[PDB]
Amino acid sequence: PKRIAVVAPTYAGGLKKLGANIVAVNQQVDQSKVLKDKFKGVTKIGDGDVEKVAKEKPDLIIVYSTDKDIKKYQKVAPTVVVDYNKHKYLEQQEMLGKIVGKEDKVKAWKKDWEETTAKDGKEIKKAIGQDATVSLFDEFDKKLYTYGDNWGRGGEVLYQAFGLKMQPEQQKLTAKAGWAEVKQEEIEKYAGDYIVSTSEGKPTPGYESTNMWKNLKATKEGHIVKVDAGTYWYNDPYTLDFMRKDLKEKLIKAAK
């Protein structure tokens, strides 16, 4: 059970799921309700904390290719660079399986996930309707965004796994980069039948209290699904299972 220091938060959940002995993890995982709980008791570290990592005697240090302290981490233990692909969330997990030699266990997990979300999507569509469109909005640093299926934040579960229909303009605007900034006073142009908003637990945000927002058909019909921004930032198996249950449950209860 090698001692693994996970500097890149994105891979904490995936390596944890596969049984890795994680002795250090980037503090950012605490912004997630799911990962905060999974990693309680595990030493937290911040970018630049090379000595803290060293104190944990890691055998492998997991980092992003763009990490600037690689030249420093290497003096402590071999430093593993894992590809950062926002779109390929399932092969991200297969990459991690290669590190710990558990790629068949990943394939099995993958099969279960795809089949399960396929049926989940079907149940959801019987509820809200096959042609019901679902939008995704996320306020980040005073700026409003909308994502497609290849940018996480729940987009992979909504559009790739469940196979739910994206709002038309939302799909065009995000096709290119997978994301796109939105003008709050143009929100209506992207507002679908249902709206998934990452404002859960937050005092009603600014974009959710404008007269246009209040007049959206989804808002008036009670079709606004709020989710925890911090939790939805990740795409590891644990997080994926959570968003899966969380989105399925909220859409269905709000249905029609």
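Note that residue numbering begins at 1 and tracks the sequence as displayed.
Visitor: Which has the higher mean CA temperature factor in the PDB entry, 105 to 113 or 159 to 167?
Guide: Mean C-alpha B-factor is greater for 105 to 113.
Visitor: Between 44 to 52 and 189 to 197, point out the one with the higher average CA B-factor as the PDB entry records it.
Guide: If you average the C-alpha B-factors of 44 to 52 and of 189 to 197, the larger mean comes out for 44 to 52.
Visitor: Quick one: which of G178, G154, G121, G97 shows the highest Cα temperature factor in the PDB entry?
Guide: Within the set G178, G154, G121, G97, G178 shows the top C-alpha B-factor.
Visitor: Of the choices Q93, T79, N150, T146, which one's C-alpha carries the largest B-factor in the record?
Guide: That would be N150.
Visitor: Taking the chain's C-alpha temperature factors as the reference, tell me which third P58 falls into: lowest, middle or highest.
Guide: Lowest third.
Visitor: Would you mind ranking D30 by its C-alpha B-factor against the rest of the chain and naming the third, lowest, middle or highest?
Guide: CA B-factor rank for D30: middle third.
Visitor: What third of the chain, by the recorded C-alpha B-factor, contains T231?
Guide: It belongs to the lowest third of the chain when residues are ordered by C-alpha B-factor.
Visitor: What third of its chain, lowest, middle or highest, does the C-alpha temperature factor of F137 fall into?
Guide: Tercile = lowest for this residue's CA B-factor.
Visitor: Compare the C-alpha B factor of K256 with those of the other modelled residues in its chain, then answer lowest, middle or highest third.
Guide: Highest third.
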